[PDB]
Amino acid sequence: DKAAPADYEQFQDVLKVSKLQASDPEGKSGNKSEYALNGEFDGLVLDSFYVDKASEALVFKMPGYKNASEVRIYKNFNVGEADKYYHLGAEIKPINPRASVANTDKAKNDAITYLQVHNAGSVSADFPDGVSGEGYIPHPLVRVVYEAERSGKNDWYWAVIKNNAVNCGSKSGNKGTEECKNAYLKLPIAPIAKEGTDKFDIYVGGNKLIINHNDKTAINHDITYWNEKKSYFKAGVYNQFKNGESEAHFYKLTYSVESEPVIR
C-alpha cells in the first residue's frame, strides 16, 4: 500500500529541493531524525512519510505533542524583493483532524500545523541555504493550522501570523513586554472541506505575505517588519495537541519563484 514519494513525478521537483525532518515518537535520541539532506529522496519510505499507492497522496503522519514530519525547502529567501515572490502550493486533505485532537489536555492544545514560513536568521549573516544561523528567532512568520475550536468556529483553518520581528523565546528577557504579549494575528482562513481537498498557495516577496485558499486570497499582509529575516518553507504535519496522531494527505505540493503573486 505504501511507496517512496521520490517515485512519483508530481512530487519530484519539490523533493529535489527539500530535506525531511521527522520525529521518532518512540525513539530515545531526543533530536528528530533527518533524511535526504542532499535533496535525494530515493528509497525513503517511513511510517511518517510515504505515498499511498491507491490515491497517490503524499502522507505525512505523526503521533505526539510537538512532534513533526515535514519537508524543509532548501531556499532561504529574502521577502522584500520587488517582482520576486516565493510560492508554496499544496492541495491537502487533513485526515479526521478532530479525532487527532480528541484526547488532548486542554482547549488551547487543539491545533495541527500543515504549512509554515519560518526564519533561518538575518539577511546580514553569511550562512548557506538549507540551514539556520545568526539572527534566528524562535517563531515562524506564519503557520497555517487546523484548529478544533476557536472563537465559536469549529474545524477551521487559521493563519497564525507573527506580527513583529521580536525574539520572544523563554531566554529572550522579552516575554513580559507589549510586543511579545501582542505578537500574533490569528486569522480564520476557511472551514476544512466537507469533501475533497483544500488548495493553499502561499506567496512571500515584495514585502507581502499572500495566502490563498481554493484560489481566493484570504491573507494579504505587509511584512516589511520581517524583511531582515531570511525565510523558508516547511510542509507536513507538526502537532500542537497531546495524546494522539495527526495525518495529512498532500495530493500536490510545489515550490516555485514567481514574478508576481496571485491576488483574487
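From 1 onward, residues are counted along the sequence shown.
With 25-33 and 59-67 compared on mean CA B-factor from the PDB entry, the stretch scoring higher is 25-33. Between 88-96 and 176-184, the higher mean Cα B-factor belongs to 176-184.
Among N220, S48, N207, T197, the highest C-alpha B-factor recorded in the PDB entry belongs to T197. Set against one another, the Cα B-factors of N119, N163, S170, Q116 in the record reach their highest point at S170. In the deposited entry, the Cα temperature factor of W158 sits in the bottom third of values across the chain's modelled residues. When the modelled residues of the chain are ordered by C-alpha B-factor, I73 sits in the lowest third. In the deposited entry, the Cα temperature factor of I192 sits in the middle third of values across the chain's modelled residues.
Among all modelled residues in its chain, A148 ranks in the lowest third by Cα B-factor. Ranked by C-alpha B-factor against the other modelled residues of its chain, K53 falls in the highest third.
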